[PDB]
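**Q** Before I ask anything, let me first share the structure, which is written out below as structure tokens.
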Amino acid sequence: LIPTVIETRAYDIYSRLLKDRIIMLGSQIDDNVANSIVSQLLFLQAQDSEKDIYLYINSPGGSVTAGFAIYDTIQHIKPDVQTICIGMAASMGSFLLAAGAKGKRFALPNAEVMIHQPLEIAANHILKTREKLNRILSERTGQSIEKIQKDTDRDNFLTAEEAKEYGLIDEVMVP
Amino acid sequence: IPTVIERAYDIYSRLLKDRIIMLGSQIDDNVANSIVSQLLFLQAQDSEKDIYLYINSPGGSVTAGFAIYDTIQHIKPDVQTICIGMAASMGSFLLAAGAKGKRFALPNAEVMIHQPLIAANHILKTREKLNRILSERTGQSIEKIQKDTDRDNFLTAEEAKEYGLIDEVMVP
Amino acid sequence: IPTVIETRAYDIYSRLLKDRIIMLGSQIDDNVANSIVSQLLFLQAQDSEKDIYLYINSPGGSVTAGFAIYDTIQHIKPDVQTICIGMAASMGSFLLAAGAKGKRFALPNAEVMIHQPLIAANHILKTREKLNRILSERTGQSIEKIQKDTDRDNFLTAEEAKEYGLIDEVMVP
Amino acid sequence: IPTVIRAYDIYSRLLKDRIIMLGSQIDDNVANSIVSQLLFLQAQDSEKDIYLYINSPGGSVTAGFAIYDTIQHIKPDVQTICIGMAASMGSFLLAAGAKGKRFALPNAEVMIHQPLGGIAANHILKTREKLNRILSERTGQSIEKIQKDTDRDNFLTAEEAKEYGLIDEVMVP
Amino acid sequence: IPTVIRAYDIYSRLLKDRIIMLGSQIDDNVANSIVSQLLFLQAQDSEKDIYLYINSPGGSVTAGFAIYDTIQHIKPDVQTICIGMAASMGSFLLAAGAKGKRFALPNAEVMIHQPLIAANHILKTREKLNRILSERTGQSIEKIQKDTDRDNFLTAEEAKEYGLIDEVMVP
Amino acid sequence: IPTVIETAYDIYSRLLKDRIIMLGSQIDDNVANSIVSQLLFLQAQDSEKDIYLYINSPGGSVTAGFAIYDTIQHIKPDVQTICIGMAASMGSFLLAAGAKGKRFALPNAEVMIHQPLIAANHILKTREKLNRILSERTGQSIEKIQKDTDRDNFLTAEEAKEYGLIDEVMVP
Amino acid sequence: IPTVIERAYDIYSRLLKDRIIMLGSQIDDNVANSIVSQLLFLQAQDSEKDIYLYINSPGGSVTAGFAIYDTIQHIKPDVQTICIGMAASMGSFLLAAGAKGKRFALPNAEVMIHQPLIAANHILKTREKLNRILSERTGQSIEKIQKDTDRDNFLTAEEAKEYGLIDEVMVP
Amino acid sequence: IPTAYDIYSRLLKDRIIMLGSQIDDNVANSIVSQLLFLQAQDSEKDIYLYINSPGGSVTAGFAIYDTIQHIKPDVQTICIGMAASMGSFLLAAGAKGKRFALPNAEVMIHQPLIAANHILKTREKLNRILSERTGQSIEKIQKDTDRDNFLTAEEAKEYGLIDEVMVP
Amino acid sequence: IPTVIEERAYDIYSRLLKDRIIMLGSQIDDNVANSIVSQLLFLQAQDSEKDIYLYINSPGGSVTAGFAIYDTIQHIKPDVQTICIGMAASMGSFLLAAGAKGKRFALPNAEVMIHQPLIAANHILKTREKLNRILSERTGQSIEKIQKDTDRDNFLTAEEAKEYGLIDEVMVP
Amino acid sequence: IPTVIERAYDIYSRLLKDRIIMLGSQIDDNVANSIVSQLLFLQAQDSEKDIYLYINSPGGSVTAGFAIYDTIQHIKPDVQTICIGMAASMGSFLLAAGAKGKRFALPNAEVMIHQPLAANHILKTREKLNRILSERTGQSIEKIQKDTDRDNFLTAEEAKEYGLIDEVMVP
Amino acid sequence: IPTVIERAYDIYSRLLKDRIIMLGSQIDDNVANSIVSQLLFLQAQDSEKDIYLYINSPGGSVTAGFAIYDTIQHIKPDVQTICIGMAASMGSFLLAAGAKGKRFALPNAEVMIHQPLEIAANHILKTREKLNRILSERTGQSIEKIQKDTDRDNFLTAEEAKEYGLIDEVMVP
């Protein structure tokens with residue numbers, strides 16, 4: 001499922017999108033996805049430190065650690081990382097959605113968003129990093145930590161407009 | 001997938017050079033990410049020129065279908081839709097979602113609007129949303145579409161036109 | 001599948017495509033259908049006036065997939081010649097008969113079978129009568145004859161296929 | 001499948017009460033098993049009723065027919081009771097029980113759709129007409145009404161099934 | 001699965017005491033086994049109670065209805081006892097037991113969420129599920145319709161309040 | 001297969017007590033050696049009482065077919081054949097091979113005399129051997145049986161009676 | 001498991017006759033259902049005689065564990081728990097859950113009360129359920145338990161006596 | 001395989017052993033045991049070995065061969081279906097006067113082809129043993145076991161591999 | 001397959017095809033036949049006058065697939081030289097004998113076998129009669145002898161095969 | 001299996017440019033079709049220049065070994081054979097079939113002349129190999145027959161003495 | 001394995017541009033075939049310049065190892081052996097086998113001389129005898145001591161391997 005594009009040079013579609021500073025996160029997040037995403041972010045920062053990056057998100061979520069690698073890289077680099085949810089952003093996918101530059105987090109009208117953080121590691125360290133997630137989510141949305149602690153414990157499916165109301169995105173994109 | 005040189009592509013890649021996107025499988029997230037990317041690619045090359053999305057699809061994921069739906073609506077280009085073979089469920093929803101006056105089917109092509117049945121209530125909620133968009137795009141009442149997407153009828157290309165799922169049946 | 005390089009690289013199918021030649025050498029499913037349809041649409045954009053050549057060695061396949069190639073053959077402006085090498089069975093034989101009039105061919109030892117093997121039953125029968133109606137138009141046979149023969153497994157000689165109206169000529173060596 | 005004490009499993013222990021469970025897709029292994037049970041029960045007694053419980057999605061025509069012919073051949077009455085579902089060939093076997101003794105539980109769904117693809121087409125169609133004719137005889141419906149209905153997918157309530165003539169009574173708690 | 005001795009496995013020895021264990025997902029195989037145990041027990045004695053223990057994630061609606069109907073048809077009262085979990089079709093069968101005689105142990109969990117071949121028939125049998133749950137629990141059909149569409153775990157005590165069981169079996 | 005305990009057999013063993021053999025599958029060496037054994041067992045219990053061979057078989061190995069066939073002919077007891085469901089290829093050869101006047105089919109049974117296609121010469125040799133045995137046991141000419149065993153037409157129970165493969169169709 | 005004729009018991013069937021139940025693996029629903037049925041069985045035979053539950057288990061399903069728990073609490077007879085080898089998570093919960101005065105470990109037995117981490121809020125609700133019960137059964141405050149069950153501590157048989165998880169370490 | 005015995009176990013009661021498969025070491029060890037069991041019961045009465053076999057391992061075939069020859073009882077051999085390779089060799093190895101075939105049974109003496117010298121050496125011993133048990137010259141068995149030739153039951157009697165074709 | 005550059009990169013087979021060499025090195029099925037036919041069609045479009053060299057090391061395969069290859073050898077204009085290296089069996093030996101007059105060769109240690117080994121039985125027998133007739137035409141042997149011989153497995157030496165009319169020459173080192 | 005750029009090759013294609021064919025696996029039909037093709041290609045580029053066939057092979061198919069043998073003997077250029085590691089059966093036969101004076105082994109290479117086993121055809125082709133080995137080694141046919149029926153590992157020097165190779169290459 | 005555009009490479013091919021070869025896995029025939037090829041290539045490229053063979057290997061096939069060994073000794077240029085990570089069994093024999101003065105190891109590398117025990121026992125013990133013999137020459141240890149130490153699985157430090165005579169130097173940062 002990846003066509004070729006030859007300018008007058010052969011790119012598959014994603015590599016051609018990367019040329020325009022577009023990164024497609026279209027899968028479950030594991031370490032392989034994270035290493036690839038971080039790499040693309042580093043490449044694009046190196047090309048241009050002033051120019052916006054566009055990160056598109058269609059993701060069921062995944063590994064907290066891998067999710068955090070991408071997060072911290074988004075925060076480190078100078079360029080503004082816009083975020084755009086195109087199909088779904090659940091758990092760590094919605095966390096990355098909300099971690100886009102302020103004013104620059106978007107979703108298409110019909111995109112679903114879920115803040116539910118589900119669940120060998122010791123229980124106390126899982127709970128410790130969870131607190132870390134809630135604290136970061138509390139800031140980037142303007143909601144109280146109490147309210148985010150509750151909400152991430154349930155599997156609430158948000159509409160694009162609920163997400164905006166909630167503070168996970170800045171705008172719903174209009175045709 | 002044969003190779004073509006004008007610098008070498010496969011067929012689909014050469015068709016994309018003429019702004020042709022082929023949707024020829026069940027729609028899952030990988031297909032969705034792929035169709036969306038191509039549409040985004042095409043938009044940036046020319047925001048004015050038409051896009052042609054051929055559809056031969058038994059359907060698939062609602063969320064994947066909607067991601068493609070929304071990209072069609074969002075981009076500036078008119079997306080034509082042409083049904084060859086079959087458009088079922090979410091494939092039939094995408095066919096109906098093409099630019100007005102520019103939804104087509106070949107003569108022997110087939111269309112089934114039945115949308116098959118994670119919290120039930122969420123599924124049923126997104127389901128009401130599909131019926132309304134299908135009402136808006138066909139001109140049929142919401143109640144009529146309610147009944148029809150819950151039953152598995154096959155429409156001929158001609159029935160699909162009479163129904164408002166397409167604008168024209170293409171003739172040789 | 002060997003490579004062909006013109007001082008530009010192709011595989012044989014791709015270089016045969018350069019001569020407006022398409023090879024259908026397998027069971028027809030959705031993947032083969034989309035591949036063939038694309039080749040036809042491509043070849044049409046290259047030149048709307050020149051003949052296209054469709055070689056058929058196929059045991060059959062999906063009615064849906066077969067109808068997508070059918071309608072695409074009809075839709076495009078160029079003549080599609082059909083050439084049966086090896087075998088045309090079921091939906092394979094339908095596409096052989098779908099070629100431009102006067103331009104449906106078969107090699108001398110090729111074999112044709114129009115038996116169409118047997119979603120609600122109602123719809124299967126409906127699209128069957130639609131196959132039968134179309135084969136009747138393309139072969140010159142009455143729909144009652146097509147009806148009986150598509151319900152039985154029936155190997156036609158290349159010459160018999162000519163006598164039937166499935167092909168126009170048997171290619172002489 | 002638990003043990004009952006001479007140690008049976010439940011089915012073996014129910015066979016002692018002349019009860020046969022048809023709880024699966026019907027194929028040749030199921031058919032041979034059902035047939036042998038029916039022949040064994042005729043051997044034990046030719047006068048006493050048999051009880052065939054049916055919870056089955058359907059299956060092979062030929063296998064359905066081997067059971068059907070064996071129900072008709074043996075001397076005893078074979079009661080049929082639909083628990084859960086009787087589809088395709090399972091609904092045909094439901095309607096083939098002794099007249100007056102075809103039952104369904106209140107919530108059991110019956111569907112007379114006979115699938116085509118789920119042999120030469122002609123032969124399949126021949127045996128379809130024979131199934132239709134038998135269904136006509138056993139429901140009291142016209143061969144024509146039954147043609148239409150078995151070509152389509154309808155789930156019938158137990159009551160509608162009785163209204164139809166597929167069963168004689170709905171068992172009340 | 002231990003053996004007890006005249007040689008039985010435990011389930012079969014429990015069967016001798018008119019106890020049936022529903023301990024898994026309900027499919028047609030599970031359904032046929034259960035229905036068979038009921039018909040067997042009924043023949044053996046039409047007056048004596050039957051005990052159905054339930055630890056089930058759920059399953060096939062057809063399979064579940066097969067069991068439901070057989071429970072209702074036979075003469076003996078069938079007591080239902082939820083141990084562990086009753087979800088979806090398992091919770092339906094729990095409610096399906098003789099009224100006065102539906103139980104759960106204190107840490108048991110009940111979920112009535114009914115998860116979602118043509119759409120109209122599925123929605124049709126949903127309404128038929130809802131209407132029976134409405135009768136057996138005393139809750140209005142509008143309330144059951146809402147609650148079976150949402151995924152929600154109930155305490156044994158909460159399930160008693162709801163009308164799915166008659167009592168929490170206190171230790 | 002259920003259990004039957006008398007005052008423990010599986011069903012098939014209980015039927016074997018009545019001299020009933022069930023051939024319900026594709027004929028391979030393993031099926032052949034089971035069938036031959038049941039035959040030698042029953043000849044030994046009683047060399048005078050009929051044996052009942054029920055046939056629901058898609059066919060199988062020619063060699064395994066012949067091992068069963070040669071055993072039927074060699075033992076003293078009359079072997080009745082009853083086709084339930086289907087008899088094809090070597091299943092129909094064995095059906096025709098039961099005692100004269102004791103070959104039966106249920107009304108909806110299907111019978112296919114098609115023998116489908118070692119060095120080629122030896123396959124053809126043992127086919128001539130099949131054809132000549134079918135010739136004797138049906139009363140049809142060797143010419144005719146050659147044409148007919150070379151085609152795959154399905155025969156009605158009654159059509160198989162007319163053919164001479166069975167003696168009677170069993171009435172309810 | 002080998003046979004023992006006392007009528008042929010496997011060793012587990014033999015031990016069940018002495019009211020001995022062995023829980024020797026990860027706790028899933030099959031195991032839970034097996035243990036529950038064995039409990040109900042032994043309870044039927046004699047509601048006054050002790051039952052002995054030997055535990056060597058890495059833990060398992062909380063629901064499956066609670067089903068075993070609830071049945072121990074429900075039945076009349078005293079369930080003695082004996083840890084041979086290991087009791088972890090739900091294994092150690094079931095160990096602590098035996099009759100008061102009658103919870104044992106072999107001297108080299110290991111005990112770990114870490115409960116590992118399907119909506120998050122429901123999981124956390126059931127953990128609290130465990131913590132409170134462990135609190136009732138050890139004499140420790142819910143706060144020490146909620147702290148200790150969140151981390152990877154291995155307890156010696158002796159240390160587990162210190163903790164109130166077992167009553168006695170079995171003298172050889 | 002119906003039933004307390006299963007059929008084969010019931011036939012063993014009547015001193016009947018059924019070789020219905022490829023001959024490998026599992027099969028060989030089974031046959032040998034049955035042969036030893038039967039002679040323990042009565043070393044006088046005949047044993048009946050039915051053969052329907054595509055052949056198999058030389059070594060495994062020689063284990064059955066040697067057990068037949070060793071024991072006191074006559075071991076009749078009866079080919080049903082086919083005896084090929086080691087199966088045909090075992091057929092010809094039955095008590096003299098007591099090697100039978102059913103009328104449509106098929107016999108093939110081709111023995112198809114660890115160092116090559118060992119297998120060519122063991123092959124000579126087979127040829128020599130077939131020459132003895134048929135009354136053919138060794139040079140004729142040499143040629144004949146080197147090609148793949150199906151014999152009729154009658155042809156096999158004419159060859160000396162069986163004594164009689166069984167009459168129905 | 002290793003690579004050769006003339007920067008035009010081939011695999012050896014693509015490099016050979018440059019020099020009009022096709023290697024039929026495997027069991028003949030649909031995939032193989034489709035490949036060879038296309039290579040034959042390619043080479044024909046390239047130069048219709050110059051010879052083609054078809055090297056054959058093959059145990060045989062599908063009859064349909066064989067005839068598809070045969071029919072294309074006969075149809076195209078170029079002379080197709082056939083060279084047996086190693087083995088030609090069944091349809092391999094049939095394709096070997098189908099090469100140009102005076103231009104069918106074998107390497108000295110090559111083995112050739114005409115046995116064709118054994119869809120309704122009668123269709124098989126009728127296409128067998130096709131092969132035998134053609135073998136008769138190309139070897140000069142009577143149809144009697146060929147029928148007799150295609151029904152048994154005899155291995156033919158390079159020289160024996162020349163004797164028989166399957167090849168024209170044995171290639172001298 | 002690295003890439004070399006002059007034009008981009010893998011090492012084998014790069015070595016093919018220097019007329020070096022590497023026979024490094026069991027011989028089957030695919031290996032034979034490949035080696036033959038390389039030999040044909042190489043004779044097309046130059047018919048007088050030597051070719052170098054390195055052999056590390058446990059053996060393989062007889063038909064396939066003969067296809068390669070026959071191609072070697074047919075083409076004009078001299079085919080030097082070099083045994084690295086092992087040459088067994090059909091491997092050792094292809095070692096022996098190299099141009100006279102131009103058949104080599106490395107000092108620690110191993111050579112096994114054992115040929116493993118309708119039977120009559122197998123024996124015939126086996127008499128065919130024996131007769132070619134005898135010609136090329138210079139050994140009597142009776143001695144080849146004894147030795148190929150035996151599993152006999154030959155030292156590089158022992159293989160020289162035997163006449164399978166001409167020289168043992170020196171470090 | 002990343003690309004390198006200098007012309008495109010994977011890293012190993014780029015390193016091979018600098019006469020560096022990486023032996024990174026268990027040695028079998030496919031590894032040996034590769035290493036030998038890389039060595040003949042580098043010789044042909046330049047017969048006087050040093051080759052650098054990096055060894056990180058648990059060892060493997062004796063025949064395969066000796067093929068690598070013989071090629072190192074045959075070709076003209078010096079082969080340096082550098083153990084990174086692990087050299088065990090035939091890996092450590094290959095390490096000993098590098099140009100005298102030019103066998104190296106990283107400081108934390110591990111070296112195991114144990115040569116573990118389908119061929120006859122007699123041949124295995126005889127090719128083992130030449131392994132011992134060759135290690136005695138290259139290390140300077142008596143054959144008696146070599147026999148002893150290669151029958152035991154002791155692990156050497158890079159330094160102990162130096163004192164043993166398997167390498168010349170432990171590499172300095």
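Numbering starts fresh at 1 for the residues of each chain in the structure tokens, the chains themselves are lettered A, B, ... in the order given, and ligands are numbered from 1 as they appear.
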Just want the 12 Å neighbourhood of residue 15 (chain B), counted on only C-alpha atoms, with same-chain residues fewer than 5 positions away dropped. Output as a PyMOL selection string.

**A** (chain A and resi 3-5) or (chain B and resi 3-4+9-10+20-22+38+42+51-54) or (chain C and resi 35+37-46)

**Q** Would you output that residue set with C-alpha atoms, as an mmCIF file, in the first residue's frame?

**A**
```
data_model
loop_
_atom_site.group_PDB
_atom_site.id
_atom_site.type_symbol
_atom_site.label_atom_id
_atom_site.label_comp_id
_atom_site.auth_asym_id
_atom_site.auth_seq_id
_atom_site.Cartn_x
_atom_site.Cartn_y
_atom_site.Cartn_z
ATOM 1 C CA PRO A 3 2.944 4.063 -4.432
ATOM 2 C CA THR A 4 6.118 5.572 -5.943
ATOM 3 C CA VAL A 5 6.603 9.238 -6.922
ATOM 4 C CA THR B 3 6.976 -1.330 -14.028
ATOM 5 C CA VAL B 4 6.628 1.780 -16.273
ATOM 6 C CA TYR B 9 7.028 3.462 -11.414
ATOM 7 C CA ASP B 10 4.540 0.642 -10.957
ATOM 8 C CA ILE B 20 -5.831 8.570 -10.502
ATOM 9 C CA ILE B 21 -6.162 6.827 -7.111
ATOM 10 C CA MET B 22 -7.327 3.220 -7.102
ATOM 11 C CA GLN B 38 -2.072 10.278 -1.997
ATOM 12 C CA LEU B 42 -2.229 15.416 -5.138
ATOM 13 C CA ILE B 51 -8.871 13.783 -8.700
ATOM 14 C CA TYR B 52 -10.263 10.446 -9.803
ATOM 15 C CA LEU B 53 -10.838 7.779 -7.186
ATOM 16 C CA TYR B 54 -11.831 4.439 -8.688
ATOM 17 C CA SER C 35 -4.019 -4.705 -11.894
ATOM 18 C CA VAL C 37 -8.060 -2.398 -15.055
ATOM 19 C CA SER C 38 -5.155 -0.077 -14.270
ATOM 20 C CA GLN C 39 -3.101 -1.366 -17.230
ATOM 21 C CA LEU C 40 -6.100 -0.706 -19.462
ATOM 22 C CA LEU C 41 -6.621 2.817 -18.089
ATOM 23 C CA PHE C 42 -2.896 3.498 -18.426
ATOM 24 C CA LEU C 43 -2.713 2.187 -22.007
ATOM 25 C CA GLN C 44 -5.749 4.317 -22.838
ATOM 26 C CA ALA C 45 -4.126 7.565 -21.650
ATOM 27 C CA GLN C 46 -0.966 6.757 -23.652
#
```

**Q** From a backbone DSSP assignment, name each residue in region 3-60 of chain J labelled helix (DSSP H, G or I), as a VMD selection string.

**A** chain J and resid 11 to 17 29 to 45

**Q** Quote the spacing between CA of residue 56 (chain E) and CA of residue 148 (chain E) in Å to one decimal place.

**A**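 That distance, rounded to one decimal, is 16.6 Å.
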
**Q** In Å to one decimal, how far is CA of residue 123 (chain D) from CA of residue 151 (chain C)?

**A**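 CA of residue 151 (chain C) sits 8.2 Å away from CA of residue 123 (chain D).
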
**Q** Would you mind listing what lies within 6 Å of residue 161 (chain H) as a PyMOL selection string, with only C-alpha atoms counted and same-chain residues fewer than 2 positions away left out?

**A** chain H and resi 92+134+156-157+159

**Q** Could you list, as a PyMOL selection string, every residue of chain E that has an atom within 12 Å of an atom of chain A, counting only C-alpha atoms?

**A** chain E and resi 150-152

**Q** Do a neighbour search on region 143-156 of chain D at 10 Å with only C-alpha atoms, toss out local chain neighbours closer than 2 positions, and write the hits as a PyMOL selection string.

**A** (chain B and resi 152) or (chain C and resi 119-125) or (chain D and resi 85-88+108-116+128-137+139-141+158-164+166) or (chain E and resi 117-118+121)

**Q** Take the residues from that selection and write them out as a PDB file, in the first residue's frame, keeping C-alpha atoms.

**A**
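Contents of the output file result02.pdb:
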```
ATOM      1  CA  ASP B 152     -28.483  -6.109   2.431  1.00  0.00           C
TER       2      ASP B 152
ATOM      3  CA  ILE C 119     -24.520 -13.589  -0.604  1.00  0.00           C
ATOM      4  CA  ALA C 120     -28.177 -14.659  -0.948  1.00  0.00           C
ATOM      5  CA  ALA C 121     -28.978 -17.208  -3.688  1.00  0.00           C
ATOM      6  CA  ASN C 122     -31.384 -14.706  -5.281  1.00  0.00           C
ATOM      7  CA  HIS C 123     -28.505 -12.322  -6.129  1.00  0.00           C
ATOM      8  CA  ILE C 124     -26.255 -15.044  -7.524  1.00  0.00           C
ATOM      9  CA  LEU C 125     -28.956 -16.122  -9.946  1.00  0.00           C
TER      10      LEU C 125
ATOM     11  CA  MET D  85     -31.375 -22.168  15.179  1.00  0.00           C
ATOM     12  CA  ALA D  86     -32.366 -24.136  12.118  1.00  0.00           C
ATOM     13  CA  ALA D  87     -30.783 -22.711   8.919  1.00  0.00           C
ATOM     14  CA  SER D  88     -30.665 -24.034   5.320  1.00  0.00           C
ATOM     15  CA  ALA D 108     -35.633 -20.317  18.184  1.00  0.00           C
ATOM     16  CA  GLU D 109     -34.947 -18.785  14.754  1.00  0.00           C
ATOM     17  CA  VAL D 110     -35.634 -20.641  11.519  1.00  0.00           C
ATOM     18  CA  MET D 111     -34.223 -19.740   8.108  1.00  0.00           C
ATOM     19  CA  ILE D 112     -35.103 -21.562   4.901  1.00  0.00           C
ATOM     20  CA  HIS D 113     -32.508 -19.911   2.630  1.00  0.00           C
ATOM     21  CA  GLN D 114     -30.703 -22.628   0.702  1.00  0.00           C
ATOM     22  CA  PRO D 115     -27.199 -21.327  -0.245  1.00  0.00           C
ATOM     23  CA  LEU D 116     -25.691 -21.972  -3.686  1.00  0.00           C
ATOM     24  CA  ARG D 128     -32.581 -27.518  -5.591  1.00  0.00           C
ATOM     25  CA  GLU D 129     -35.935 -27.981  -7.344  1.00  0.00           C
ATOM     26  CA  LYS D 130     -36.342 -31.322  -5.542  1.00  0.00           C
ATOM     27  CA  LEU D 131     -35.712 -29.648  -2.156  1.00  0.00           C
ATOM     28  CA  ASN D 132     -38.270 -26.970  -3.088  1.00  0.00           C
ATOM     29  CA  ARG D 133     -40.879 -29.583  -4.098  1.00  0.00           C
ATOM     30  CA  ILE D 134     -40.375 -31.482  -0.794  1.00  0.00           C
ATOM     31  CA  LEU D 135     -40.678 -28.208   1.149  1.00  0.00           C
ATOM     32  CA  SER D 136     -43.856 -27.465  -0.744  1.00  0.00           C
ATOM     33  CA  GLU D 137     -45.296 -30.898   0.226  1.00  0.00           C
ATOM     34  CA  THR D 139     -45.365 -26.932   4.514  1.00  0.00           C
ATOM     35  CA  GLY D 140     -48.519 -26.777   2.388  1.00  0.00           C
ATOM     36  CA  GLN D 141     -47.033 -23.815   0.447  1.00  0.00           C
ATOM     37  CA  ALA D 158     -40.951 -19.745  15.906  1.00  0.00           C
ATOM     38  CA  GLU D 159     -44.476 -18.333  15.454  1.00  0.00           C
ATOM     39  CA  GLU D 160     -43.853 -17.277  11.838  1.00  0.00           C
ATOM     40  CA  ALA D 161     -42.330 -20.745  11.258  1.00  0.00           C
ATOM     41  CA  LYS D 162     -45.602 -22.279  12.515  1.00  0.00           C
ATOM     42  CA  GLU D 163     -47.585 -19.736  10.475  1.00  0.00           C
ATOM     43  CA  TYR D 164     -45.425 -20.937   7.557  1.00  0.00           C
ATOM     44  CA  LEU D 166     -42.272 -25.403   8.881  1.00  0.00           C
TER      45      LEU D 166
ATOM     46  CA  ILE E 117     -25.749 -11.430   9.997  1.00  0.00           C
ATOM     47  CA  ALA E 118     -27.652  -8.527   8.358  1.00  0.00           C
ATOM     48  CA  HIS E 121     -31.910  -9.064  12.259  1.00  0.00           C
TER      49      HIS E 121
END
```

**Q** If we count only C-alpha atoms, what is near residue 85 (chain G) at a cut-off of 12 Å, once residues fewer than 5 positions away on the same chain are taken out, given as a list in words?

**A** residues 23, 24, 25, 54, 55, 56, 57, 58, 91, 92, 104, 105, 106, 107, 108, 109, 110, 111, 112, 155, 156 and 157 of chain G
